[PDB]
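Participant: Got my_file32.txt for you, compact mmCIF, C-alpha atoms:
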```txt
# COMPACT_ATOMS: atom_id res chain seq x y z
CA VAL A 1 88.05 54.59 -80.37
CA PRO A 2 85.51 57.16 -79.18
CA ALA A 3 82.53 57.76 -81.47
CA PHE A 4 83.63 61.32 -82.28
CA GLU A 5 86.95 60.09 -83.64
CA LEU A 6 85.29 57.39 -85.74
CA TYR A 7 82.87 59.97 -87.19
CA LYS A 8 85.79 62.30 -87.93
CA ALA A 9 87.76 59.61 -89.72
CA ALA A 10 84.64 58.62 -91.71
CA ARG A 11 83.51 62.19 -92.47
CA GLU A 12 86.94 63.08 -93.85
CA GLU A 13 86.86 59.97 -96.03
CA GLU A 14 83.38 60.79 -97.29
CA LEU A 15 84.63 64.18 -98.38
CA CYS A 16 87.84 62.83 -99.80
CA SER A 17 85.96 60.22 -101.77
CA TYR A 18 83.66 62.89 -103.24
CA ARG A 19 86.65 65.11 -104.09
CA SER A 20 88.51 62.43 -105.97
CA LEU A 21 85.20 61.67 -107.70
CA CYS A 22 84.88 65.19 -109.07
CA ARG A 23 88.49 65.39 -110.29
CA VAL A 24 88.49 62.07 -112.05
CA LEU A 25 85.09 62.56 -113.72
CA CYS A 26 86.42 65.90 -114.95
CA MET A 27 89.61 64.28 -116.26
CA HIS A 28 87.45 62.15 -118.53
CA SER A 29 84.84 64.69 -119.56
CA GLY A 30 86.93 67.81 -119.72
CA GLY A 31 84.48 69.14 -117.15
CA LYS A 32 81.35 68.75 -119.31
CA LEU A 33 79.64 65.83 -117.57
CA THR A 34 77.63 62.98 -119.12
CA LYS A 35 74.20 62.05 -117.73
CA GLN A 36 75.78 58.99 -116.09
CA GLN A 37 78.55 61.06 -114.54
CA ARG A 38 76.01 63.60 -113.27
CA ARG A 39 73.97 60.76 -111.79
CA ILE A 40 77.03 59.35 -110.05
CA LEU A 41 77.74 62.68 -108.42
CA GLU A 42 74.09 63.17 -107.50
CA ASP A 43 73.83 59.69 -105.97
CA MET A 44 77.02 60.03 -103.91
CA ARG A 45 75.86 63.43 -102.62
CA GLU A 46 72.90 61.66 -101.10
CA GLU A 47 74.91 58.57 -100.03
CA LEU A 48 77.45 60.77 -98.22
CA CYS A 49 74.95 63.37 -96.98
CA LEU A 50 76.90 66.26 -98.52
CA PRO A 51 75.58 69.83 -98.39
CA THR A 52 75.30 70.96 -102.00
CA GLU A 53 77.33 74.12 -101.29
CA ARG A 54 80.27 71.97 -100.32
CA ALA A 55 79.53 69.58 -103.15
CA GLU A 56 79.43 72.34 -105.76
CA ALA A 57 82.64 73.62 -104.18
CA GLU A 58 84.51 70.36 -104.79
CA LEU A 59 83.22 70.17 -108.36
CA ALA A 60 84.16 73.79 -109.03
CA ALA A 61 87.63 73.13 -107.57
CA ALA A 62 88.22 70.02 -109.66
CA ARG A 63 87.18 71.76 -112.89
CA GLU A 64 89.93 74.32 -112.45
CA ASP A 65 92.61 72.12 -110.88
CA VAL A 66 95.75 72.08 -113.08
CA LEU A 67 96.44 68.35 -113.06
CA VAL A 68 92.75 67.70 -113.90
CA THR A 69 92.63 70.12 -116.82
CA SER A 70 96.06 68.95 -118.14
CA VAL A 71 94.87 65.33 -118.17
CA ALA A 72 91.70 66.32 -120.00
CA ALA A 73 93.80 68.42 -122.37
CA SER A 74 96.43 65.74 -123.05
CA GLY A 75 93.80 63.19 -124.10
CA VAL A 76 95.86 60.32 -122.58
CA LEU A 77 92.73 58.70 -121.09
CA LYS A 78 91.37 58.23 -124.60
CA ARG A 79 94.61 56.46 -125.60
CA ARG A 80 94.98 53.78 -122.90
CA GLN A 81 96.29 51.20 -125.38
CA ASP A 82 99.40 53.35 -126.01
CA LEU A 83 100.19 53.86 -122.30
CA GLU A 84 99.11 50.54 -120.75
```
Output the structure of this file as structure tokens.
Facilitator:
Amino acid sequence: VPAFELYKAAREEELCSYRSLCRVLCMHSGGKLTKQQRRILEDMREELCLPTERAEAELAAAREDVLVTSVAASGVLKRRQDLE
């Protein structure tokens, strides 16, 4: 594999991993993030070398995603004993 393909596969995973991080932390917090959750996002931004404009974009997107908000609304994640 040429280096540019490897970078591309890795870059896209970096950004996917951040995306799924925003959605999921918003599913739990209903978008209003704990200090730990903020620190996880902040640390991964630096780990993954993410421009904050893109990073704020993913967080903004996850906050308003319909699945994300429905899961926060349903409260199922607070009820794991019923569903597991």
Participant: Between CA of residue 13 in chain A and CA of residue 65 in chain A, what is the distance in Å, rounded to a tenth?
Facilitator: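 Separation of CA of residue 13 in chain A and CA of residue 65 in chain A: 20.0 Å.
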Participant: At a cut-off of 12 Å, using only C-alpha atoms, what residues contact range 28-36 of chain A? Leave out same-chain residues fewer than 6 positions from it and give the result as a list in words.
Facilitator: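 Once the adjacent positions are removed, what remains is residues 21, 22, 42, 43, 59, 60, 61, 62, 63, 64, 65, 66, 67, 68, 69, 70, 71, 72, 73, 74, 75, 76, 77, 78 and 79 of chain A.
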Participant: Using CA of residue 25 in chain A and CA of residue 41 in chain A as the two end points, give the distance in Å to one decimal.
Facilitator: 9.1 Å
Participant: Quick check, in Å to one decimal: how far apart do CA of residue 17 in chain A and CA of residue 4 in chain A lie?
Facilitator: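 Separating CA of residue 17 in chain A from CA of residue 4 in chain A is a distance of 19.7 Å.
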Participant: My list of candidates is A:38, A:83, A:55, A:46. Which is closest to residue 16 in chain A when distances are computed with all atoms listed in the file?
Facilitator: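 Checking each of A:38, A:83, A:55, A:46 against residue 16 in chain A, counting all atoms listed in the file, the winner is A:55.
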Participant: Skip residue 15 in chain A itself and residues of its chain fewer than 3 positions away, then list as a ChimeraX atom specification all residues within 10 Å of it, counting all atoms listed in the file.
Facilitator: /A:10-12,18-21,45,48-50,54-55,58
Participant: Using only C-alpha atoms, which of A:52, A:44, A:82, A:57 sits nearest residue 14 in chain A?
Facilitator: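 Checking each candidate against residue 14 in chain A, we get A:44 as the closest.
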